[PDB]
Amino acid sequence: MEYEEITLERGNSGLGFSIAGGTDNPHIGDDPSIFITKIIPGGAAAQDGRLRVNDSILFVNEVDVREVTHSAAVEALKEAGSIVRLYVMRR
């Protein structure tokens, strides 16, 4: 699994991509692995074009989502200020 960072400017609507896989919502088989599900077109994520869906989030600015709920990961993107470098995993 390759780890890449994505600097995203949290626009008016937000970052611009929804993630699923946290400890509360096992989007995956059955683990706290946080990974994206879909990036919303017109948002900071879709406008930037640095992040890709299904990417398993690693860090958010300075937050580790190793064992955090899907909402905690989501909240990370929301708590990343504005332009935040988000880390993800891609095997």
# chains A, B, ... in the order shown; residues from 1 in each chain; ligands from 1
call {"tool": "select_by_dssp", "arguments": {"residues": "chain A", "states": "strand (DSSP E)", "output": "ChimeraX atom specification"}}
result
/A:2-9,17-20,35-39,59-60,83-90
call {"tool": "write_last_selection", "arguments": {"atoms": "C-alpha atoms", "output": "tab-separated table (two decimals), in the first residue's frame"}}
result
chain	number	residue	atom	x	y	z
A	2	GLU	CA	1.46	3.32	-1.17
A	3	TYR	CA	0.96	6.41	1.01
A	4	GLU	CA	0.34	9.77	-0.70
A	5	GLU	CA	-0.50	13.26	0.59
A	6	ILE	CA	-3.18	15.56	-0.84
A	7	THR	CA	-3.28	19.27	-0.01
A	8	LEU	CA	-6.94	20.32	-0.11
A	9	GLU	CA	-8.40	23.78	0.53
A	17	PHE	CA	-14.80	14.07	-0.77
A	18	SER	CA	-16.60	11.51	1.40
A	19	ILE	CA	-14.73	8.72	3.19
A	20	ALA	CA	-15.95	5.43	4.61
A	35	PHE	CA	-10.90	4.86	3.00
A	36	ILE	CA	-12.68	7.15	0.61
A	37	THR	CA	-15.89	6.26	-1.18
A	38	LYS	CA	-16.54	9.24	-3.48
A	39	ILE	CA	-15.24	12.73	-4.19
A	59	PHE	CA	-3.38	11.25	8.45
A	60	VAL	CA	-5.21	14.59	8.38
A	83	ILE	CA	-5.75	23.72	2.78
A	84	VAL	CA	-4.83	20.44	4.49
A	85	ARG	CA	-2.41	17.77	3.32
A	86	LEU	CA	-4.37	14.53	3.73
A	87	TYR	CA	-2.58	11.18	3.70
A	88	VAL	CA	-4.08	8.07	2.10
A	89	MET	CA	-3.23	4.44	1.25
A	90	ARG	CA	-3.40	2.83	-2.19
call {"tool": "residues_around", "arguments": {"residues": "residue 23 in chain A", "least_positions_apart": "5", "cutoff": "12 Å", "atoms": "only C-alpha atoms", "output": "ChimeraX atom specification"}}
result
/A:28-35,65-74
call {"tool": "write_last_selection", "arguments": {"atoms": "N, CA and C atoms", "output": "CSV table (one decimal), in the first residue's frame"}}
result
chain,number,residue,atom,x,y,z
A,28,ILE,N,-15.0,-1.1,4.8
A,28,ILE,CA,-14.3,-2.3,4.3
A,28,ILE,C,-15.0,-3.6,4.7
A,29,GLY,N,-14.2,-4.7,4.8
A,29,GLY,CA,-14.8,-5.9,5.2
A,29,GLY,C,-15.2,-5.9,6.6
A,30,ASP,N,-14.4,-5.4,7.5
A,30,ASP,CA,-14.7,-5.4,9.0
A,30,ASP,C,-13.5,-4.8,9.8
A,31,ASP,N,-13.1,-3.6,9.4
A,31,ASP,CA,-11.9,-3.0,10.1
A,31,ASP,C,-12.0,-1.5,10.2
A,32,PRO,N,-11.2,-0.9,11.0
A,32,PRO,CA,-11.3,0.6,11.2
A,32,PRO,C,-10.5,1.3,10.1
A,33,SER,N,-10.1,0.6,9.1
A,33,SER,CA,-9.4,1.2,7.9
A,33,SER,C,-10.2,2.3,7.2
A,34,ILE,N,-9.9,3.5,7.4
A,34,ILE,CA,-10.6,4.6,6.8
A,34,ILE,C,-10.2,4.8,5.3
A,35,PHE,N,-11.2,4.7,4.4
A,35,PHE,CA,-10.9,4.9,3.0
A,35,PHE,C,-12.0,5.6,2.3
A,65,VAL,N,-5.6,8.5,11.8
A,65,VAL,CA,-6.9,7.8,11.8
A,65,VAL,C,-6.7,6.3,11.7
A,66,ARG,N,-5.7,5.8,12.4
A,66,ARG,CA,-5.4,4.4,12.5
A,66,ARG,C,-6.6,3.6,13.2
A,67,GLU,N,-7.0,4.2,14.3
A,67,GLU,CA,-8.1,3.6,15.1
A,67,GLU,C,-9.2,4.6,15.4
A,68,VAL,N,-9.7,5.4,14.5
A,68,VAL,CA,-10.7,6.4,14.7
A,68,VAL,C,-11.9,6.0,13.9
A,69,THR,N,-13.1,6.4,14.4
A,69,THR,CA,-14.4,6.2,13.8
A,69,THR,C,-14.5,6.9,12.4
A,70,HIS,N,-15.4,6.4,11.6
A,70,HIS,CA,-15.6,7.0,10.2
A,70,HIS,C,-15.9,8.4,10.4
A,71,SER,N,-16.6,8.8,11.4
A,71,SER,CA,-17.0,10.2,11.7
A,71,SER,C,-15.8,11.0,12.2
A,72,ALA,N,-14.9,10.3,12.9
A,72,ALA,CA,-13.7,11.0,13.4
A,72,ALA,C,-12.8,11.3,12.2
A,73,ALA,N,-12.8,10.4,11.2
A,73,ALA,CA,-12.0,10.6,10.0
A,73,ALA,C,-12.6,11.8,9.2
A,74,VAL,N,-13.9,11.7,9.1
A,74,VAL,CA,-14.6,12.7,8.3
A,74,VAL,C,-14.4,14.1,9.0
call {"tool": "select_by_dssp", "arguments": {"residues": "chain A", "states": "alpha helix (DSSP H)", "output": "PyMOL selection string"}}
result
chain A and resi 44-48+70-78
call {"tool": "closest_residue", "arguments": {"among": "A:58, A:1, A:45, A:51", "to": "residue 14 in chain A", "atoms": "only C-alpha atoms"}}
result
A:45
call {"tool": "atom_distance", "arguments": {"atom1": "CA of residue 62 in chain A", "atom2": "CA of residue 44 in chain A"}}
result
19.1 Å
call {"tool": "residues_around", "arguments": {"residues": "residue 12 in chain A", "least_positions_apart": "6", "cutoff": "12 Å", "atoms": "only C-alpha atoms", "output": "list in words"}}
result
residues 42, 43, 44, 78, 81, 82 and 83 of chain A
call {"tool": "closest_residue", "arguments": {"among": "A:55, A:48, A:64, A:75", "to": "residue 21 in chain A", "atoms": "only C-alpha atoms"}}
result
A:55
call {"tool": "atom_distance", "arguments": {"atom1": "CA of residue 13 in chain A", "atom2": "CA of residue 56 in chain A"}}
result
22.1 Å
call {"tool": "closest_residue", "arguments": {"among": "A:91, A:15, A:25, A:61", "to": "residue 47 in chain A", "atoms": "only C-alpha atoms"}}
result
A:15
call {"tool": "atom_distance", "arguments": {"atom1": "CA of residue 26 in chain A", "atom2": "CA of residue 11 in chain A"}}
result
27.2 Å
